[PDB]
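Enquirer: First the structure, which I've put down as structure tokens, then a few questions once you've had a look.
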Amino acid sequence: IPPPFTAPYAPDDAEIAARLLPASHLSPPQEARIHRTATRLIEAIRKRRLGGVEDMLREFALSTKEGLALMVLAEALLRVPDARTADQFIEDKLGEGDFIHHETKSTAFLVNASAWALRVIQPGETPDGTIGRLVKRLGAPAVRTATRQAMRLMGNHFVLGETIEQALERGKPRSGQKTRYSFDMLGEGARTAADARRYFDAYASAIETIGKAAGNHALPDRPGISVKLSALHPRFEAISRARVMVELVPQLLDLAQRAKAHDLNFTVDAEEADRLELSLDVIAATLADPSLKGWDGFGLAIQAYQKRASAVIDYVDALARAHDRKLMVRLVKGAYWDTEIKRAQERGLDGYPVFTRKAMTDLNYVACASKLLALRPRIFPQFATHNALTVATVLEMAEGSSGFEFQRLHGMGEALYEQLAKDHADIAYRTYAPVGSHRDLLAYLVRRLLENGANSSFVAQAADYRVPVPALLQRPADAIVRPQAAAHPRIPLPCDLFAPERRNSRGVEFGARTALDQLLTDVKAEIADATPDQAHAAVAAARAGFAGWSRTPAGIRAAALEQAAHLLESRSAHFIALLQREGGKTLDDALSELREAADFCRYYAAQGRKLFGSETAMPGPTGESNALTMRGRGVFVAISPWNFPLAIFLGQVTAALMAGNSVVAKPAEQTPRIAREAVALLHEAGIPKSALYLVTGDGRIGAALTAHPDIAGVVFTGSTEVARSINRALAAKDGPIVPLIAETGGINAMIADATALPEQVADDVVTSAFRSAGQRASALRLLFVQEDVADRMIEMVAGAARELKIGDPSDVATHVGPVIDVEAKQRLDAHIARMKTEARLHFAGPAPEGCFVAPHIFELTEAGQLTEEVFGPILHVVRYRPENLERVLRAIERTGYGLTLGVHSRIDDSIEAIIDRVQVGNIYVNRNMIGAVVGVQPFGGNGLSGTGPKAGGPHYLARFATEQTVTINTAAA
Amino acid sequence: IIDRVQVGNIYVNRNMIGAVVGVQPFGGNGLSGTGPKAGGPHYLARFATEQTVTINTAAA
Ligand SMILES: Cc1cc2c(cc1C)N(C[C@H](O)[C@H](O)[C@H](O)COP(=O)(O)OP(=O)(O)OC[C@H]1O[C@@H](n3cnc4c(N)ncnc43)[C@H](O)[C@@H]1O)c1[nH]c(=O)[nH]c(=O)c1N2
Ligand code: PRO
Ligand code: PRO
Ligand code: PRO
Ligand code: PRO
Ligand code: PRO
Ligand code: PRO
């Protein structure tokens, strides 16, 4: 038995290309046969009458969003009982008006079949929505034609139903016949326990349907089924490995046994790169069961676009050797390329787990295919591709043998593989059809549309007559030529995302067991109050250090911040441990705050050089110079919260310091130890002792600091009430009117309409409301959801919220740590008890013994029932009618807050109408509302949410400074 | 003198009056006021509030 798979996550592309490039060399007569095969295949592709997705996209010059909208509308129209009824609709209503209504209803239909029944259309309606913009661009008649073509595609290439039973009934062959295709089951990412059971039953149900229609031939000439591990477990993630191995393995085994009893091909699909190791763990434990001996149909997909692909092949082979099994192994290039790039950047990884040049994937795919062909007969390879060149090359390397197959998706590669079958009679290819229910269509269509709409896609190019046939025949090695060119030149490494402005902080990929274990190990390996006199002395000492710090050159202040960033990341294990023990933060939140703290230092340093590093020359008359500068104001008092006790503490403090002010810093009572370490670190990084003082204690000590007549400003993050009293104590003084910078939370809403993917809304609602136990100023408090999808969305949020593990934040599996202290928990439980008597309850999770509040979900009759920011894991939901979006926006305006706002919608015109109407500081569209990144999402809002300027943005530092104009009459010279 | 004082408008070897818009941004600190300087590049922003719009474009 091989040890648990653990290859390097993102090794260097050049070293890989240095081996693959010389080894790709094929002999001249080999390459000529490849050229001819692929030419004949492409000529058949260009024969041209069954259309495809890519054909529809190209014909009407549709974006992927527009393709999606029409295919969803098409699916809804196909399920209207009377075809003549759908035709009347297409002619008389579609494109005439009600554009957003048609897009909303047809999408709601996928989760709520009763949502749509076929109002009346007034003429002259402004064409908005995805459909309306399509009508303005192409004209209503072309939209009707494109919709009719989408209906043919949806009916011919998908096997769908309102439930899996209906899909399987529709995809059933005539009694006594074998199915002419294998089942690529729709379904991914269970969000709820019921989801995981439902997909399990769909798979078991599908295995019986194809089992009964399987023929009398032996493998490989029998139908197959494809399943996703993420569909079978609601927290399929590396940090939940322990429950995954206990719960998922028996499930996958049960389905594998049912597959074996019909002698089927049973294939585990390959998903995102951070699930690779977990999937192999689950697959290894499942294959190990002796009940699966004597059956040759078990297998998995392997993604060639991963640098680890070749090692996965070795691992799978040693598995088959160790258990004396035969496996069927599918080689694909990979369906998640864009996701892997984005994820690596967001996560600050030291590289990409995938190649970044298409030819490198194509090169690695052929190398992996050659490796798999040599592992026959123990490995039966399945080459799933619609690339005529890839097919031609793989066929040549097999040298005319058997013991393998090609694979395609229904609606793609048909002309390719028919021609291959004509020219080489012994070639087998497996055709999969997508099979599933409407509630799984949207998520699937999104991914399918990305590959078909891609410019680099082979099937898209081989069908565009503008692309000459010889262009599609360039061999991958000839496009790369040299190893140093393996990486794509226009995609920086995550560490270079902000170059040359500044460096980026490093993150950790939790789906790489070596990385997660090293971090867990490092972290495991790791104050009297101030009298009013000592706080008074602190101001006086900061006041005395101001002059020298103010006149220290900006580049030296900036160097100190950059060295502070260096020390934070070098000592990340220490601060993470402090964030877990003192802050109560889970490991993902602690790492993220540590990164944010370093990001604040480097960002304010770079801004600091631009702003205070040199003077701005003003135009003016000759004989006279005019120069504008900015300089420190004096002593800033910085008051910081307990919920970001390191990053907001350091953002506020280093901003004031960078602008040339000395600082007296008063941390939250609950988290002084992290603040002491941070202050000590800034001193060590070069902040003079006289420029920065820490004063710990109560709100009376915070009041004494902000009431002190010698301070030049206050930077404060906390509650509205305390900011007002600070503001009043400042206004009460007879001295100068000094700046107050305040961020004071929000009652943050999210608006989700029926065009949004309900499983993405659910993910983002669960994250935004319950991550960090809701102890974030940015957290989602109030979800507005359109009534046609409200039931499904609320139930999915509740089921997902139920799978959150609440407990000790040091345990790797914890999703929800404790709230900060007993007093906070008491405030939250009081609001929970009040909401139970006042509003509908949807979920009240079980809290472990101790200082914990569990996720809660309440539904309100009106938004007005929620009158306070409640700083915990407590979501409130209002369902609304689409014609009442104005009442939603008025409710959001009525709270007086304006920090974050989430918008989930496919419809650009709706998104824009919301953005135009609200004043909220941070609007997040089709993603969660939390974790603003320094210099990426400048963070902060208005109204009762605070004053600005936004932290982590280009207007922040100036507010800590005052301007100076120097005008010199130079005429004497 | 310039290094020592915090005064908003320093006029060297000329009179101290008649600031020109966009040439001598006018305004100071302490009991002379809050800023930002009138007729300079930091004035208009203070009358405004910032907005960040973050769109997950990956669906496209
Ligand atoms: C029967 C069957 C079953 C499956 C799959 C396909 C089929 C036919 N796939 C999908 C597969 O991985 C792939 O996305 C499509 O088949 C298209 O790839 P081709 O070889 O057809 O075409 P094509 O040759 O046009 O290749 C496209 C691929 O190149 C890669 N690519 C594009 N740009 C790149 C760049 N700049 N740098 C590096 N690489 C780049 C991407 O992987 C992209 O998908 C899959 N996928 C998966 O991840 N898990 C799975 O289990 C399956 N299962
Ligand atoms: O996609 C993932 O890996 C995690 C698992 C549950 C939610 N997101
Ligand atoms: O905004 C804050 O940081 C505190 C925490 C609970 C209430 N206000
Ligand atoms: O964006 C977030 O979630 C936190 C809250 C204050 C700023 N950063
Ligand atoms: O406090 C402010 O807003 C001014 C504007 C420019 C410099 N500081
Ligand atoms: O510069 C001056 O003389 C006047 C005083 C206020 C602004 N303009
Ligand atoms: O009051 C201020 O200074 C903020 C900063 C940019 C817009 N207004």
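Scheme for the structure tokens: letters A, B, ... for chains in order shown; per-chain residue numbers from 1; ligand numbers from 1 in order shown.
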At a cut-off of 8 Å and counting only C-alpha atoms and all ligand atoms, what residues surround ligand 6? Please answer as a VMD selection string.
Expert: chain B and resid 16 to 20 26 to 27 38
Enquirer: Kindly export the residues of the current selection with N, CA and C atoms, as a JSON list (two decimals), in the first residue's frame.
Expert:
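Result saved to part-v3.json:
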[["chain", "number", "residue", "atom", "x", "y", "z"],
["B", 16, "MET", "N", 1.77, 88.08, 2.06],
["B", 16, "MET", "CA", 1.15, 86.87, 2.61],
["B", 16, "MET", "C", -0.30, 86.68, 2.17],
["B", 17, "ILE", "N", -0.78, 87.48, 1.22],
["B", 17, "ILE", "CA", -2.20, 87.57, 0.93],
["B", 17, "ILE", "C", -2.46, 87.25, -0.55],
["B", 18, "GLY", "N", -3.73, 87.15, -0.89],
["B", 18, "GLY", "CA", -4.10, 86.90, -2.28],
["B", 18, "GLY", "C", -3.73, 85.53, -2.82],
["B", 19, "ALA", "N", -3.94, 84.47, -2.04],
["B", 19, "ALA", "CA", -3.70, 83.12, -2.53],
["B", 19, "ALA", "C", -4.45, 82.87, -3.84],
["B", 20, "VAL", "N", -3.78, 82.22, -4.78],
["B", 20, "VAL", "CA", -4.35, 81.98, -6.11],
["B", 20, "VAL", "C", -4.84, 80.54, -6.19],
["B", 26, "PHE", "N", -5.05, 77.09, -0.08],
["B", 26, "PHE", "CA", -5.14, 77.95, 1.09],
["B", 26, "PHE", "C", -5.83, 77.25, 2.25],
["B", 27, "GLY", "N", -5.19, 77.28, 3.41],
["B", 27, "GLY", "CA", -5.77, 76.76, 4.64],
["B", 27, "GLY", "C", -4.70, 76.20, 5.55],
["B", 38, "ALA", "N", -8.63, 74.91, 0.65],
["B", 38, "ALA", "CA", -9.42, 75.40, -0.46],
["B", 38, "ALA", "C", -8.53, 75.70, -1.66]]
Enquirer: Could you list the residues in chain B lying within 7 Å of chain A, using only C-alpha atoms, and format the result as a ChimeraX atom specification?
Expert: /B:7-14,22-25,30-31,33-34,50-56,59-60
Enquirer: From a DSSP calculation on the backbone, collect every residue of chain B in strand (DSSP E) and output the set as a VMD selection string.
Expert: chain B and resid 9 to 12 52 to 55
Enquirer: Write the residues of the preceding selection, restricted to C-alpha atoms, as a compact mmCIF listing (two decimals), in the first residue's frame.
Expert:
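Wrote it out as selection-v3.txt, contents follow:
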# COMPACT_ATOMS: atom_id res chain seq x y z
CA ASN B 9 0.70 78.79 3.93
CA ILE B 10 4.31 79.96 4.11
CA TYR B 11 5.20 82.95 1.91
CA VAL B 12 8.92 83.63 1.43
CA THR B 52 -16.00 50.01 -3.53
CA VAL B 53 -17.80 47.69 -5.96
CA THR B 54 -16.44 44.13 -6.04
CA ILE B 55 -17.88 41.82 -8.69
Enquirer: Pick out the residues sitting within 10 Å of segment 863-865 of chain A, and hand them over as a ChimeraX atom specification; count only C-alpha atoms, and ignore anything fewer than 3 positions along from it in its own chain.
Expert: /A:749,782-784,835,838-839,859-860,868,876-879,887-888,890-892,894-895
Enquirer: Where does chain B meet ligand 7 within 7 Å, residue by residue, with the nearest atom pair and distance in Å to one decimal for each, counting only C-alpha atoms and all ligand atoms, listed by chain and rising number, as a tab-separated table?
Expert:
residue	atom	partner	partner_atom_place_in_ligand_line	distance
B:45	CA	ligand 7	7 (C)	4.4
B:46	CA	ligand 7	1 (O)	3.9
B:47	CA	ligand 7	8 (N)	6.1
B:48	CA	ligand 7	8 (N)	4.7
B:49	CA	ligand 7	7 (C)	4.4
B:50	CA	ligand 7	7 (C)	5.2
Enquirer: Which distance in Å separates atom CA of residue 781 of chain A and atom CA of residue 672 of chain A, to one decimal?
Expert: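 So the answer is 28.2 Å.
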Enquirer: In Å, with one decimal, what is the gap from atom CA of residue 260 of chain A to atom CA of residue 296 of chain A?
Expert: 8.4 Å
Enquirer: Pick out the residues no farther than 6 Å from ligand 2, counting only C-alpha atoms and all ligand atoms, and list them as a list in words.
Expert: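 Counting only what the definition allows, namely only C-alpha atoms and all ligand atoms, the set is residues 235, 236 and 237 of chain A.
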Enquirer: Extract, using only C-alpha atoms, all DNA, RNA and protein residues at most 8 Å from residue 918 of chain A, discarding same-chain residues fewer than 4 positions from it, and format them as a JSON list (two decimals) with C-alpha atoms, in the first residue's frame.
Expert:
[["chain", "number", "residue", "atom", "x", "y", "z"],
["A", 889, "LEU", "CA", -33.98, 49.33, -0.84],
["A", 893, "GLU", "CA", -31.68, 52.90, 3.71],
["A", 914, "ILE", "CA", -29.07, 48.55, -6.76]]
Enquirer: Write out as a list in words which residues come within 8 Å of segment 311-323 of chain A when counting only C-alpha atoms, dropping same-chain ones fewer than 5 positions away.
Expert: residues 1, 2, 5, 7, 284, 287, 288, 302, 368, 372, 375, 378 and 379 of chain A
Enquirer: How would the residues just picked look written out with N, CA and C atoms as an mmCIF file, in the first residue's frame?
Expert:
data_model
loop_
_atom_site.group_PDB
_atom_site.id
_atom_site.type_symbol
_atom_site.label_atom_id
_atom_site.label_comp_id
_atom_site.auth_asym_id
_atom_site.auth_seq_id
_atom_site.Cartn_x
_atom_site.Cartn_y
_atom_site.Cartn_z
ATOM 1 N N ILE A 1 0.836 -1.200 0.000
ATOM 2 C CA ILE A 1 0.000 0.000 0.000
ATOM 3 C C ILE A 1 0.874 1.254 0.000
ATOM 4 N N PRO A 2 0.638 2.167 -0.949
ATOM 5 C CA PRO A 2 1.384 3.424 -0.947
ATOM 6 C C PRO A 2 0.971 4.286 0.230
ATOM 7 N N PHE A 5 -1.078 10.077 -0.346
ATOM 8 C CA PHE A 5 -0.493 10.856 -1.429
ATOM 9 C C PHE A 5 -0.156 12.272 -0.975
ATOM 10 N N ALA A 7 2.291 14.836 -2.995
ATOM 11 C CA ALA A 7 3.252 15.447 -3.902
ATOM 12 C C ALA A 7 3.315 16.957 -3.700
ATOM 13 N N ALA A 284 -8.694 5.392 -1.876
ATOM 14 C CA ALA A 284 -7.862 4.290 -1.403
ATOM 15 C C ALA A 284 -8.591 3.459 -0.346
ATOM 16 N N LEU A 287 -11.397 1.405 -2.184
ATOM 17 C CA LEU A 287 -10.894 0.292 -2.985
ATOM 18 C C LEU A 287 -10.354 -0.832 -2.111
ATOM 19 N N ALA A 288 -9.852 -0.490 -0.920
ATOM 20 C CA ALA A 288 -9.249 -1.482 -0.046
ATOM 21 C C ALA A 288 -10.251 -2.543 0.393
ATOM 22 N N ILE A 302 -8.208 11.596 -13.703
ATOM 23 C CA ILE A 302 -6.959 12.278 -13.364
ATOM 24 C C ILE A 302 -6.798 13.457 -14.307
ATOM 25 N N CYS A 368 1.223 11.965 -19.992
ATOM 26 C CA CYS A 368 0.439 11.116 -19.095
ATOM 27 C C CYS A 368 -0.230 9.973 -19.854
ATOM 28 N N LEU A 372 0.108 6.031 -19.168
ATOM 29 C CA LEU A 372 -1.031 5.151 -18.919
ATOM 30 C C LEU A 372 -1.070 3.986 -19.905
ATOM 31 N N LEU A 375 1.003 1.201 -18.695
ATOM 32 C CA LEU A 375 0.515 0.550 -17.485
ATOM 33 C C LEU A 375 -0.600 -0.446 -17.757
ATOM 34 N N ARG A 378 -3.060 -3.751 -16.260
ATOM 35 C CA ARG A 378 -3.612 -3.489 -14.936
ATOM 36 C C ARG A 378 -4.432 -2.207 -14.943
ATOM 37 N N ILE A 379 -3.988 -1.214 -15.698
ATOM 38 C CA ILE A 379 -4.726 0.028 -15.880
ATOM 39 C C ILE A 379 -5.340 0.012 -17.276
#
Enquirer: Could you name the residues that touch residue 364 of chain A at 9 Å or less, counting only C-alpha atoms, but leaving out those on the same chain fewer than 4 positions away, as a list in words?
Expert: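 The residues that qualify are residues 17, 20, 304, 305, 306, 307, 309, 310, 333, 359, 360, 368 and 369 of chain A.
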Enquirer: Can I get the selected residues back with C-alpha atoms, as a compact mmCIF listing (two decimals), in the first residue's frame?
Expert:
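The result, stored in part_38.txt:
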# COMPACT_ATOMS: atom_id res chain seq x y z
CA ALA A 17 9.05 21.39 -19.29
CA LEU A 20 8.68 16.82 -21.17
CA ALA A 304 -3.43 16.37 -16.77
CA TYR A 305 -3.38 20.13 -16.23
CA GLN A 306 -2.08 19.47 -12.70
CA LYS A 307 1.65 19.29 -12.10
CA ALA A 309 -0.89 14.36 -12.51
CA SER A 310 2.05 12.05 -13.23
CA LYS A 333 -7.09 17.91 -19.03
CA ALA A 359 0.38 23.85 -24.57
CA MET A 360 1.88 22.72 -21.23
CA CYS A 368 0.44 11.12 -19.10
CA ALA A 369 -1.31 9.19 -21.89
